Ligand SMILES: Cc1cc2nc3c(=O)[nH]c(=O)nc-3n(C[C@H](O)[C@H](O)[C@H](O)COP(=O)(O)OP(=O)(O)OC[C@H]3O[C@@H](n4cnc5c(N)ncnc54)[C@H](O)[C@@H]3O)c2cc1C
Ligand code: XAX
Ligand SMILES: O=C(O)c1ccccc1O
Ligand code: FES
Ligand code: FES
Ligand SMILES: [Ca+2]
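Residue numbers (PDB author numbering), protein chains in the order written: chain S, 1067 to 1133; chain X, 2 to 165, 224 to 528, 571 to 1326; chain D, 571 to 600.
Pasting the structure below:
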């Protein structure tokens, strides 16, 4: 949708996997940096513990990625 | 074999070949004609949201007439050959706006916008009758129109600029309707079928059918018949046909009063007085005279007047004709008159008054019950020619029994007596006896009622004697205001339905506390279009819901309040879902219920343990005190009364559990979360979209989920789109309101007025789940100081667990309750010390840099400046003298003036909620789409966010747009609450804008003379992303109850209000004369928006403290369920002089562009009206009660006419007037 | 970690059942 990702190129030229793949990878990294301090504080915890603890510490769990 | 119904809408012919008698105009406009400008706000005639214009040819009176009407009550079967004009009919943004529409939009008369179309139509209808109205006519036009948002001032200011036939047969699913064309037909039909129900205006029948569950299989409408519409002047009086509208009666009678000599028009003026503050124009233009008479309500305002004056009734059936004067025998029993079942009322002759004949009518300024216990009367005296010797006396009363009655034994005792002091005494003794109420009489208010019967007579006695001897900082209108005025703004139920869309109706507990033994749907199954009944077993995921996981989505084995949701009906139309729901039978086994705060305390029924804040040494502060005062105070709850009730559409996609919802909510995240948990599905499957709400006020922070989850389950179960919009009566019963509070307190203070010690125990009524009750009580305790330095202090709070709907957030979130309790003991300190109230309050104020009771430092403390400034602009000292002078000169009316400050903490008291995200896209034409976590409820958040974005980006507002709020653009959003949305989304939008500017920078550098569009295109072609998030996190927050330190709030918003009232000591009624407000909002992003918030909040506060009264059966069932029994401020409620100022030169370093939160801080200033009322009562009591100037009397909130009247203890309340001994000179 | 695995198209089962929604499969407004 145009209101989640603006100004996108058409899904064309066989490159969608290459390029949207990189953009998704970069947004993932950003989320990983954000969750890191929480992973370190509680390394035996689950994904869900880290996410909640991030949310409760007012860390944003939303990001764009671009390539 | 049914005739075609033919009418007109906005010029266009409508032919309806299968007209159902049960279809309302509002239903037809919205669901057959696709015209959704006209709104549903109550369905009972009180709110005017559904106002339309109607045009029809009075064949008789011989002209086309135009008048307003409530579409929610107009049967389409009354509309044959009538023309309807709706808001769409007069103009729109797509063509041209009517001047009425443009004007209300530009004058800031529209916030949420839900009431705006109805108001537009009222004004429009006025202008079509009188192109150049007076101010009075303008205000009167809006009597039947309610607005919850604006405080009314800007609408009236804005509009000030305009000043100076064959029988038809219809056959529905259940009802057959006959439109009679002649008197013969009427009498014949009634003979063939005597049980047939007449309908004229349907303003009583509609209520019986919708709310009381009646069904009359045959209906005869006789409106067309000329004899039922004649106005005839006779030698004895003026006769009106039974079908004549109250507005025709009013107009005819006003013309007679203007023309004839006073002595002939005593009765006419009685009639007119009762018609004065009677519903609004919409009701008066459709309600018939005979309808009121034959309805025979115990609280009919007209029947007492007709009875007291011997108004002649001409009554007719086939062959029969008689003319009786109305007397006590006309109403044998509850809702019955003295007509046989064949008989119809034909005409009503209202008499001229003779020589030595006098008349008065009066009515109680409150109503708390559907049809009882509102005192209303007609009073008539006839003396011997030229004398003061009584020849006839009639005193007739409504609201003192289950029918209109006459005080026969009392008046008969007066025949031949003279009109003097002895007579006054004799009549009052008789009245108190003959009309006595047992202390358990239905309707309650025993003392007040008795008192009004006597005081109304006293007023009559006295009357008779007399008869003898960059746009930040700019006042930009709400961005949606024009479309709100035009009916183009889309609210949740205005979204079109899918061809396969279904409708849900909730099935609700009728018991406060009971076992659910069984549920039987076999009668509901017979309803056409029934689809299914849903309950707890249909839930695939979890039945465990609510903010603290202590609620069911559907009641399991027990119910815990009246309105506890048991289940739901799904059907093909909302009317079918409604009918089927009423007929689902639940079998209950009653359990011991706990209802009141006192019940809860007696039974130790609480959620958790005592909350506490404590500082200093109490046994010690009290030791040193010169004076110690203790007491107890109660403040009643409040209903939100958003003009748009709760509503959700749920769209199931059919893939992977996906669901898309549109909902009227302040809390998209919890909606998404609750719906997912109900369905047993990851949150990432659920999408929630909020365009706007027609009001929220806290009531849509959490409680919207009761409807959302149920509708979502229906969508899951059926595979169809499903929607539900609550009726007002359902909305008030189920969704919860403000917390009632009880307070037990004790203050120690010096001779001086200086406070030395305070202990307050607070008890809130929480209802049948936790919800936000714990946080609300924390806010309360944080505000128990108001603006005052208290060296030794202890506040406790306890949450009462009860079998009532769960109470929730309401504008102020516990603060107004605590602040009210604060000013109550403060007012008692001043009176006890015998010092001016403003001196005692000023002396006890915090200074710059003081610590609160929770050890947070007050920096930028502007209360002193607001106070100073309010004192001066309101001319407080001058007027105070004027108030004393007035009271020294008036016996039965008194004035009161009070000035009150407020401080209000800004932030969510849960630290993790103070976070906020935004998402911004710039498209390649340079247009900008902003999305943030906040929702629009009328407060102008999106307007403010566009102004911030435009300033941050350095581009015109016209290039920026905010469409909606959604969980797939900004996730994990806090509820739009705690007044901080401007602060936090302002900041988040700002950051996203900075990011975008940093990315465009190299392109502005390569090309500094290029337009925005050049740079945007150039960054696009350089593959620079034009999309980003922004995020904000309020710094330095974290209060600890165990160490009593850390900041609870980011900063404080301050204000001061002065109000003056005049009370009628004999009736408890009052007029708000003048209010001056000075508010500190820092540097306002939008002075028009902010002043609107000050004005609207203030008026909600004055509602809370003086008008709004919820009332329940002893068994916990809500009695007050609509506008007819729950009174929010109306146009006529606001101060005659209503002045608001924003404090100049006071930037706030804490928030976006130096602004401050404004949403909730000014609501409490409404209490200045309450304390002005208390001031005036004090003068009334010095007049008639005792001579103790340091008397403390309790006065609970709301200060309704009952409580005001009972506090004016006099020779009436005590019955000293009877000759009995009691309290009062 | 499924990268490099022959994971079936995530929507295939729904495509097999006719539950997968294409443009014209969206319900019409009244
Ligand atoms: C918002 C609102 C506010 C109101 N405020 C007040 C108020 O302040 N004071 C007050 O007194 N009332 C008040 N009313 C009541 C109102 O006056 C009545 O509902 C109205 O006058 C009834 O007339 P109708 O034409 O609508 O009757 P309908 O609802 O159509 O009929 C009412 C009853 O009268 C019968 N009836 C009608 N005409 C005849 C006839 N000629 N012969 C025999 N039976 C007949 C019908 O069969 C029916 O049983 C209020 C109503 C509303 C909706
Ligand atoms: N017209 C209009 N104005 C309104 C509202 C409304 O519904 N309509 N509600 C209030 C409430 S009640 Mo609450 O803490 O959820 S108890 S905070 C709050 C406030 C929330 O909006 P910001 O000021 O943060 O943008 O708006 C106020 N102004
Ligand atoms: O502290 C508040 O005012 C508040 C308001 C809404 C929701 C949670 C809260 O703590
Ligand atoms: S909806 Fe018609 S009066 Fe309220
Ligand atoms: S603007 Fe009038 S009810 Fe909201
Ligand atoms: Ca609660």
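Note that the Cβ used here is the ideal one computed from N, Cα and C, for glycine as well.
Against residue i, what residues of chain X qualify as contacts under a CB-to-CB distance less than 7 Å, listed in chain order?
{"i": "residue 1072 of chain S", "result": "1022, 1024, 1127, 1128"}
{"i": "residue 1122 of chain S", "result": "1013"}
{"i": "residue 590 of chain D", "result": "756"}
{"i": "residue 1132 of chain S", "result": "1126"}
Taking the alpha-carbon positions, what's the residue i to residue j distance?
{"i": "residue 579 of chain X", "j": "residue 582 of chain D", "result": "48 Å"}
{"i": "residue 1080 of chain S", "j": "residue 1089 of chain S", "result": "16 Å"}
{"i": "residue 1322 of chain X", "j": "residue 487 of chain X", "result": "14 Å"}
{"i": "residue 123 of chain X", "j": "residue 149 of chain X", "result": "17 Å"}
{"i": "residue 1075 of chain S", "j": "residue 1094 of chain S", "result": "21 Å"}
{"i": "residue 1055 of chain X", "j": "residue 574 of chain X", "result": "15 Å"}
{"i": "residue 294 of chain X", "j": "residue 327 of chain X", "result": "15 Å"}
{"i": "residue 431 of chain X", "j": "residue 472 of chain X", "result": "28 Å"}
{"i": "residue 733 of chain X", "j": "residue 1237 of chain X", "result": "33 Å"}
{"i": "residue 1154 of chain X", "j": "residue 915 of chain X", "result": "16 Å"}
{"i": "residue 16 of chain X", "j": "residue 32 of chain X", "result": "15 Å"}
{"i": "residue 133 of chain X", "j": "residue 1024 of chain X", "result": "49 Å"}
Using beta-carbon positions only, say whether residue i and residue j come within less than 8 Å of one another.
{"i": "residue 146 of chain X", "j": "residue 38 of chain X", "result": "no"}
{"i": "residue 440 of chain X", "j": "residue 449 of chain X", "result": "yes"}
{"i": "residue 88 of chain X", "j": "residue 70 of chain X", "result": "no"}
{"i": "residue 1072 of chain S", "j": "residue 1022 of chain X", "result": "yes"}
{"i": "residue 368 of chain X", "j": "residue 299 of chain X", "result": "no"}
{"i": "residue 947 of chain X", "j": "residue 936 of chain X", "result": "no"}
{"i": "residue 805 of chain X", "j": "residue 768 of chain X", "result": "yes"}
{"i": "residue 1299 of chain X", "j": "residue 737 of chain X", "result": "yes"}
{"i": "residue 592 of chain X", "j": "residue 745 of chain X", "result": "yes"}
{"i": "residue 1149 of chain X", "j": "residue 918 of chain X", "result": "no"}
{"i": "residue 506 of chain X", "j": "residue 1307 of chain X", "result": "yes"}
Thinking residue i and residue j are a contact (beta carbons under 8 Å), I'd like their distance in whole angstroms, please.
{"i": "residue 1087 of chain X", "j": "residue 1192 of chain X", "result": "About 19 Å separates the two Cβ atoms, so there is no contact after all."}
{"i": "residue 468 of chain X", "j": "residue 489 of chain X", "result": "7 Å"}
{"i": "residue 613 of chain X", "j": "residue 696 of chain X", "result": "7 Å"}
{"i": "residue 603 of chain X", "j": "residue 628 of chain X", "result": "Contact flag wrong, Cβ pair sits at about 14 Å."}
{"i": "residue 1240 of chain X", "j": "residue 1178 of chain X", "result": "7 Å"}
{"i": "residue 1235 of chain X", "j": "residue 1171 of chain X", "result": "Contact flag wrong, Cβ pair sits at about 13 Å."}
{"i": "residue 772 of chain X", "j": "residue 780 of chain X", "result": "Between residue 780 of chain X and residue 772 of chain X the Cβ distance is about 12 Å, and since that is not below 8 Å, they are no contact."}
Which chain X residues sit within Cβ distance under 9 Å of residue i?
{"i": "residue 598 of chain D", "result": "599, 600, 601"}
Against residue i, what residues of chain S qualify as contacts under a CB-to-CB distance less than 8 Å, listed in chain order?
{"i": "residue 1088 of chain X", "result": "Within chain S, no residue comes near residue 1088 of chain X; the closest Cβ sits about 13 Å away, beyond 8 Å."}
{"i": "residue 1018 of chain X", "result": "1126, 1128"}
Going along chain D in order, which residues have a C-beta closer than 8 Å to the C-beta of residue i?
{"i": "residue 822 of chain X", "result": "597"}
Beta carbon of residue i: closer than 7 Å to some heavy atom of ligand 8?
{"i": "residue 75 of chain X", "result": "This structure lacks ligand 8; the ligands present are ligand 1, ligand 2, ligand 3, ligand 4, ligand 5 and ligand 6."}
Residue i touches chain X at which residues, Cβ-Cβ below 8 Å?
{"i": "residue 1108 of chain S", "result": "Going along chain X, no residue has its Cβ under 8 Å from residue 1108 of chain S, so there is no contact; the nearest lies around 17 Å."}
> If you pair each beta-carbon of the segment 55-62 of chain X with each one of the segment 500-516 of chain X, do three or more pairs fall below 8 Å?
Replying inline: Between the segment 55-62 of chain X and the segment 500-516 of chain X, the count of Cβ pairs shorter than 8 Å is below three; the stretches do not touch.
> Would you call the segment 1258-1266 of chain X and the segment 1185-1202 of chain X in contact, with 3 or more CB pairs under 8 Å?
Replying inline: yes
> Touching or not, the segment 996-1012 of chain X and the segment 887-903 of chain X, by the rule of three or more beta carbon pairs under 8 Å?
Replying inline: yes
> Can at least three beta-carbon pairs, one atom from the segment 496-513 of chain X and one from the segment 745-759 of chain X, be found at a separation below 8 Å?
Replying inline: Not touching, per the Cβ criterion.
>> For the structure I just gave you, are there three or more beta carbon pairs, one from the segment 865-872 of chain X and one from the segment 920-939 of chain X, closer than 8 Å?
In response: no
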